[PDB]
Amino acid sequence: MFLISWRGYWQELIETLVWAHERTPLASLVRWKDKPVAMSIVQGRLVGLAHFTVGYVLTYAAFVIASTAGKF
Amino acid sequence: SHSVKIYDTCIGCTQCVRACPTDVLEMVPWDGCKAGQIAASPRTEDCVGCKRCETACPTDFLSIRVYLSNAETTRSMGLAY
Amino acid sequence: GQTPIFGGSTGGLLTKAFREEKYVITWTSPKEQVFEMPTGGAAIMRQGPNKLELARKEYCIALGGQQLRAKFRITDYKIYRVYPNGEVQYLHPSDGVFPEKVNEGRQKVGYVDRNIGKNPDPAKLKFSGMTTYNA
Amino acid sequence: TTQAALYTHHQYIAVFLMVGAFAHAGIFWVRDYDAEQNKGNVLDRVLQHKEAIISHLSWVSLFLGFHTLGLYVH
Amino acid sequence: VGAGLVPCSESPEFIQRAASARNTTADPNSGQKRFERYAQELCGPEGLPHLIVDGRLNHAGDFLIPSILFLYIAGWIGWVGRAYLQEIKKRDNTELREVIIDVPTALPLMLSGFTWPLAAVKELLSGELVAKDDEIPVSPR
Amino acid sequence: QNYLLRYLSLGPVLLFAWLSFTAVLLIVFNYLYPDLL
Amino acid sequence: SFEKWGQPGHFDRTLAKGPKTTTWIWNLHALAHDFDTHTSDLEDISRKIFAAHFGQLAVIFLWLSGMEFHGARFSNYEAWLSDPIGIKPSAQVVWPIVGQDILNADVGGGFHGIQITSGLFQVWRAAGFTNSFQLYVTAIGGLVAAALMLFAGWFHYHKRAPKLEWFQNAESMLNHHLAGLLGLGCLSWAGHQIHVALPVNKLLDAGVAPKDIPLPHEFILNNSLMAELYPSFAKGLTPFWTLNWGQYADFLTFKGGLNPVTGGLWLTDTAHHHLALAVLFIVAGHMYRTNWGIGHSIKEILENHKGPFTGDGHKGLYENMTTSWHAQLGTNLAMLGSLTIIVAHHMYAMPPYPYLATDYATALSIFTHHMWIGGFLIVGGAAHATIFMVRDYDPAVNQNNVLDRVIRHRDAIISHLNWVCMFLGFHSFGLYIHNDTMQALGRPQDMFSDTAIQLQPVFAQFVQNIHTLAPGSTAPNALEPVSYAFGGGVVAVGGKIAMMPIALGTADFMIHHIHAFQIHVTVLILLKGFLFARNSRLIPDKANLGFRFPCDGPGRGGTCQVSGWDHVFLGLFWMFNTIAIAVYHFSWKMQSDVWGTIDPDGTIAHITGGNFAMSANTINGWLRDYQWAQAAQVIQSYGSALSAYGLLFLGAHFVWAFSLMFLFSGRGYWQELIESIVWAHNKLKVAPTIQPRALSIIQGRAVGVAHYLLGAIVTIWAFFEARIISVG
Amino acid sequence: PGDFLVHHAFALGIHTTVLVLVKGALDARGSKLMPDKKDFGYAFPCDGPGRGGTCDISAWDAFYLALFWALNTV
Amino acid sequence: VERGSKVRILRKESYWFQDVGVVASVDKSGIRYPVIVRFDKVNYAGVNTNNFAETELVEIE
Ligand SMILES: CC1=C(C/C=C(\C)CCC[C@H](C)CCC[C@H](C)CCCC(C)C)C(=O)c2ccccc2C1=O
Ligand code: SF4
Ligand code: SF4
């Protein structure tokens, strides 16, 4: 998910989603610590790679130790 | 905002000044070639990073470049909110 | 004080565009015809004055460039930045019709007329924070 | 189970440990490098013929891949 | 031919497979015949033959002459392709004909690849195969 | 007329032609004596 | 007259000059049909569309006649005629050379070949087809008609081409088509049915010597055998002259159910069906105004329907529906797609051909095929809607209309939409994984099926119920319920189920809800691209710049993928997910509690054993209890005579990974590698004059998504094809 | 025979891995169609769509690819 | 090196460095880049025509 989609789509909907808090009542009290925006490009690449590598690591380890301790 | 970079290869067709929608260019008087007025960036603070300008530069190894900095703000990021 | 005939929308001015900045544009249109606005809308203008309020420095310049002079040939429009205090800035028009190359002598601040073959270097320019220009 | 886990553990540790070396070699090439101080020494003579290196490397990769896959599909 | 590999002639499991060896094609002798053709090599416990590559005349021809055949045909095709390319450029209709093949000229070049190896050797000795490091102007860096 | 080849020689149609020629070529030797190993 | 083909770029002025680089090749296969991008004229466009339609029809006729011909000379039909049970139809006999010799699909009677699954013989069990020579003549007729209408297209383009006012008479269009085309064809087919179909169907009850059974000429004027059955069918008694129709109760009846002697329904109902439809939409299609000064002025109807919330109603919509073409294209595509998928969702409960529910191989093949086409083209309908938005519109004729009234308040719509999608999404899936965790956590009482925490879709149950007892009161002149999945008796034949009532317990809930979930997000993506097509809150030049362009530079951070067809990219990914899990669900249920074998007690011993109530509630179960069964033979399903077809499922994974390679990578890397190889080739004097250049990023994205889809769908069809072969 | 096969596979794997790595390394300075990058830095540079696009040119774009090519090898 | 002569390039950053082009028009005016050369190999959008200072050109033949 992080790898394929890119930062030209995950910003249009953040606009309209900022539009909400401004105009609903009983929740417009709170405001922003800091104005939120979409991620960055390099950071997106990095997080995608991190997710991929962590996903790759775990399953194989589980498989190998479980198999070795279950078959001898 | 970001930084702009000018060179000597400006032939002077002035397609970049008609392409930048951000008012960051002007042809200041020159003497060297038949141009007599070479493009430059007086108003960098409104740079956007669209870099539609050098795509309008026909010169071999297009005469303008933009060094895309790191000191962005609400202006350089371009938000209506 | 003239504003075009429109039925209302949902993408106009926001919590920033009256706490930080305002944008306005106005010209002289001796006719009335249908036009399109970048926030979406097909409406009609009126004779003479045509005042419009907006929030971005892109909708205005888009109107000025493509709509007015390239279609309607109108060329007498002011575009004005506004501060939070209500005071105004006059960036452009600065050359009449924004030709962007004609003048009898021009401003002079900063110059770099040098090729790239001799470029700044990491190990030579160090222990400071200057940029790619000072040789 | 113990020795097996240890073996794959250590090899996994090893693999991208080397990638760290190559990456830091790459970043050295931009930050820490002076031209005239090494004019004509062995490093520059490497850079002068990098082309044939990468070309022949692509060559051997293509060869081995093609033929191993062909034998497999055989 | 060691490594504990039995001859395919006397490997029992080899003939065991050969008995009901599924005759592939439309001829009943297809299977059996091929198994008979597989007595020269030497089998193993898997019952199927391995190939030895040493120039050793036990299995020399079973790998050498196919290699040389491939070298023949690859040399021919590469040679005729390069020759055609060299020829096209002396027409000043370069990229017009790059997609439209000139058959009346493309034929004899193909037909004239008979003696590619030794002719190539000549172009090696004459030095008619390489251009000069700096004459070739393809800029690196 | 014989101008058809002027408009049949395109490359692509010639590609498939040559490839099918070579294919049936490879077939007949595999069709006539597929019994030499 | 052959001096003209080999002059490429005949339609474009730019790429007509010469192929500078390889790019010139690519665009050659890209702009060969959008001739709206060639001029501003329209009569030429319309003529091209006519000729292209004729060509498509020609290839249609060609392929259908050729498939017939294969069915006549290389298909075991006439042997499978006498026995449609103990014989499995086949075609495409294998050519006896090295490689394809063991693949002789022998289906009894020594007939080898390829065991097909497309159920054309089923049509050929209703059309009453005895000898293959008549079929030979049929193919000849099909191909000659193909050539005929192709010649007609040539003529109507090169000699006498139609004029321009010939386009926009949608009134006569609807009238002629609706009435003449549909009604006359349908009533003609019904006439064929009553004359030939049910007679030979009667004659297919006990082995009545098929070829010996007379030919239609023996019934054109020979009413004696026609007077054997149906005493009112002496001639007809022609009581229609007397307005009396009570005599015709013989054939033109209303049964409405399964006929356990045909493997399908009662054909008389279908005949009377077709009659009723014919006259009904004949009198319908006689509506609109034409050349006799009588009828609806349809451009005034839409003028009338306005009001307080409407604004000004449907004013000004015909300029859009006739001046532009992509509009019509998109809407008709969407409608056809929906129609097709309901067809798919339809013909597994009311089999309209002989031997359908008893034949457990063709069913899901037809089903999944049509279902895939449905979505696969409705997304294209939406895409053409968007292309209309970018190509055709008007600020003048679109004041305050029901169209313009949404493009002004799009943000609220899409925000509430996002809200709904988020809600449904986790409300369903997180609930699912919650139950997953509970089962893995020794807390089984926190499960959600009947044996645990409760939820029951009462609405479906009550609607099915009120459908069960329909006849008598709602349907007095009706004999059996419309189907037997709602209610009725378990209808069957042999030890083989035809239709039983379907049970909706707990697992139905989240399945239907995630269906709705994905449909919601799909609509979200597509409609988002639709509205935000011309102007975004940041990009006010979209329509001013195009709809097929990669990005707008690294301004505002990033802006890559801001066109619309990338929106439809993401959408097609999502619809892939939707339809894939949909077919998963359908196949698993209709093999778990609908299909199996039967005992003399009517004892339905289903294939799997009702696995949803057991495992279709947790994720780990979903992989275990579905693909364990869906593959446990494909590993070994090769290795003998009628097994040798080593399937390309092992092969499709490769294309899938090769696909995903194109997605994750840029292009500059490939460009530089290309330049290095060019350096080498130039050193050895073999430099190709036409300078190769790497693919454009949109081109690469397209080929990546194409290969992705191809691999996935190939994989899945291989899966269930072999799975049905293991039982059919 | 199998060991013959897989060992050649290892050869291939490390060959392409070092290929992409040395390509990125020796491009840490600049490319034929983008020589300036030496001053742009071991950083983002994207160089928007000059010729079909120039995404993934930033001197450790290669690092991602190399990481994949190492993971499958190991 | 005249109007219609094939010469190679000395400008380093040039896309056609060391590559040969034909001197289309020999200008010799006060501009720093008099010589107008034409090539056929394409850089960005085909700038096969360019100008140089003829103190940056060398003939071949
Ligand atoms: C999803 C996605 C986003 C959107 C991602 C965003 C907005 C970040 C997600 C928001 C945060 C990270 C969610 C986590 C919030 C936690 C629940 C709060 C933590 C507090 C607990 C520790 C208590 C991008 O910006 C993007 C950019 C470029 C390429 C791809 C993508 C991409 O795929
Ligand atoms: S940079 Fe380009 S547009 Fe600007 S003056 Fe130079 S040649 Fe003209
Ligand atoms: S991105 Fe380019 S066009 Fe826009 S302001 Fe900066 S230099 Fe000018």
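### Section: the interface of chain C and chain B
Turning to step 1, where the next piece is worked out: With 22 residues of chain C in contact, the opposing surface of chain B contributes 28 residues.
Turning to step 2, where the next piece is worked out: For the pairing of chain C and chain B, the buried interface totals around 2400 Å² over both sides, and the portion due to carbon and sulfur atoms is 49%.
Turning to step 3, where the next piece is worked out: Along the contact surface separating chain C from chain B lie one salt bridge.
Turning to step 4, where the next piece is worked out: Between chain C and chain B we count 10 residue pairs in polar contact in total.
Turning to step 5, where the next piece is worked out: A per-class count over the side of chain C that touches chain B returns six nonpolar, six polar and 10 charged.

### Section: the arrangement of the chains
Turning to step 1, where the next piece is worked out: In this assembly, 24 pairs of chains are in contact, and the pair contributing the most contacts is chains B and C.
Turning to step 2, where the next piece is worked out: Regarding chain B and chain E, the two do not touch, and the least distance separating their C-alpha atoms is 15 Å.
Turning to step 3, where the next piece is worked out: Chain E makes no contact with chain C, the minimum C-alpha separation between the two being 13 Å.

### Describing the site of ligand 3
Turning to step 1, where the next piece is worked out: Close to ligand 3 lie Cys20, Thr22, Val24, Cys47, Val48, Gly49, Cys50, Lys51, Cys53 and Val66 of chain B.
Turning to step 2, where the next piece is worked out: Of the residues belonging to the shell around ligand 3, the class tally is seven nonpolar, two polar and one charged.

### A closer look at the pairing of strand β5 (residues 78–82) of chain C
Residues and elements named next belong to chain C.
Turning to step 1, where the next piece is worked out: Strand direction decides the pairing type here: strand β1 (residues 22–29) and β5, joined by five bridges, are antiparallel. The residue bridging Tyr23 from the neighbouring strand is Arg81, located in β5.
Turning to step 2, where the next piece is worked out: Direction of pairing for β5 relative to strand β6 (residues 88–92): antiparallel, over a ladder of three bridges. Considered in β6, the bridge of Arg81 is made with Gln89.
Turning to step 3, where the next piece is worked out: Taking the residues between adjacent antiparallel strands as the criterion, β5 and β6 are bridged by five residues, where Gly86 takes a positive phi near 95 degrees.

### Points about the UniProt feature "transmembrane region" (unreviewed entry) in chain F
Turning to step 1, where the next piece is worked out: UniProt records the feature "transmembrane region" (unreviewed entry) at residues 13–33 of chain F, using the numbering of this structure.
Turning to step 2, where the next piece is worked out: Measuring from the first to the last C-alpha atom of residues 13–33 of chain F gives 31 Å, for a span that is 95% helix and 0% strand.

### Quick word on unusual backbone geometry
When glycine is set aside, most residues are seen to have a negative phi, and most peptide bonds are trans.
Turning to step 1, where the next piece is worked out: Here the residue pair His92 of chain C and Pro93 of chain C is connected by a cis peptide bond, since its omega of 5 degrees sits within 30 degrees of zero.
Turning to step 2, where the next piece is worked out: Phi angles above zero are rare outside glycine, and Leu26 of chain A is one such case at about 75 degrees.
Turning to step 3, where the next piece is worked out: With respect to the helices, strands and loops of the structure, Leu26 of chain A is situated in the loop between α1 (12–23) and α2 (41–71).
Turning to step 4, where the next piece is worked out: In the Ramachandran plot, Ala3 of chain E falls in the positive-phi region, its phi being about 65 degrees despite a non-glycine side chain.
Turning to step 5, where the next piece is worked out: Structurally, the position occupied by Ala3 of chain E is in the segment before α1 (12–19).

### Focus: the sheet that holds β5 of chain C
Pairing between the strands of a sheet comes from backbone hydrogen bonds, and it takes one of two forms, parallel or antiparallel.
Residue and element names in this part refer to chain C.
Turning to step 1, where the next piece is worked out: Taken in spatial order, the four strands of this open sheet run β4-β1-β5-β6, and their pairing is antiparallel. On the outer flanks of this sheet lie β4 (48–54) and β6, each paired with one strand and no other. Neighbour to neighbour, the strand axes of the sheet diverge by 25 degrees on average, direction disregarded.
Turning to step 2, where the next piece is worked out: Pairing of β1 with β4, which is carried by seven bridges, proceeds in the antiparallel orientation. By the bridge assignment for β4, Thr28 is matched with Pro49.

Cut-offs and rules
In this document, residue positions are counted from 1 along each chain in sequence order, independent of how the entry numbers them, and residues without coordinates are left out. Here the convention is simple: chains get letters from A, ligands get numbers from 1, in the order in which they are written. What you see is a piece of a larger assembly; the numbers all apply to this piece alone. Hydrogens and waters are ignored; side-chain quantities use all the structure's heavy atoms. Residues with missing side-chain atoms are left out of burial classes, side-chain pairs and their counts. In what follows, a contact means two residues having at least one pair of non-hydrogen atoms within 4.5 Å. A 1.4 Å probe defines the accessible area here, and the buried area is the portion of it lost by two parts on being joined, summed over both. Salt bridges are identified by distance alone: a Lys or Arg side-chain nitrogen within 4 Å of an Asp or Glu carboxyl oxygen. By the criterion applied in these results, polar contacts are pairs of N or O atoms within 3.5 Å in which, for protein atoms, one can donate a hydrogen and the other can accept it, and in which residues neighboring in sequence qualify only through two side-chain atoms. Residues are sorted three ways: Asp, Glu, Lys and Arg are charged, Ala, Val, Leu, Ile, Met, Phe, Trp, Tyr, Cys and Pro are nonpolar, and all the rest, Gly among them, are polar. Consider each residue's heavy atoms; a residue with any of them within 4 Å of a molecule or strand counts as near. Pairing between strands requires that DSSP locate at least two bridges from one strand to the other. Secondary structure elements follow DSSP: runs of H or I no shorter than four residues count as helices, runs of E no shorter than two count as strands, and numbering proceeds from the N terminus. UniProt positions are given in the numbering used here, feature names are shortened, and annotations may be inferred rather than shown by experiment. Axes here refer to lines fitted to C-alpha atoms; in helices the fit is confined to the stretch in contact. Angles between the N-to-C directions go from 0 to 180 degrees.

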